[PDB]
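1. Quick check, what structure comes out for this input:
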Amino acid sequence: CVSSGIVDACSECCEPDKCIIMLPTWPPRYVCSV
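-> Residues are numbered from 1 along each chain as shown. Here you go, the structure:
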């Protein structure tokens, strides 16, 4: 699982129905904090 860091998905991350959109780093990438 990908609790924290970058994610190219949402259903694969440890975030159930609560994912963030592309914002961090120079290129567009999602974020997980759970």
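2. can you tell me which residue is nearest the centre of the chain?
-> The centre of the chain sits closest to residue 31, judged by Cα atoms, centre = their mean, with a distance of 3.1 Å.
3. State the distance from that residue to residue 5.
-> Going from residue 31 to residue 5 by Cβ to Cβ, to the nearest Å gives 8 Å. Every residue, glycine included, has its C-beta placed from N, CA and C.
4. Checking the residue located most distally from the centre of the chain next. Helix, strand or coil?
-> Going by Cα atoms, centre = their mean, the residue of the chain most distant from its centre is residue 26, 15.4 Å out. Look at residue 26: counting by DSSP: H, G, I helix; E, B strand; the rest coil, its state is coil.
5. quick one: which helix or strand includes residue 13?
-> Assigned by DSSP states H and E, residue 13 belongs to no helix or strand.
6. contacting residues around it?
-> Neighbour list for residue 13: 1-3, 7, 19, 30, 32, 34 [criterion: Cβ atoms under 8 Å, 6 or more residues apart in numbering].
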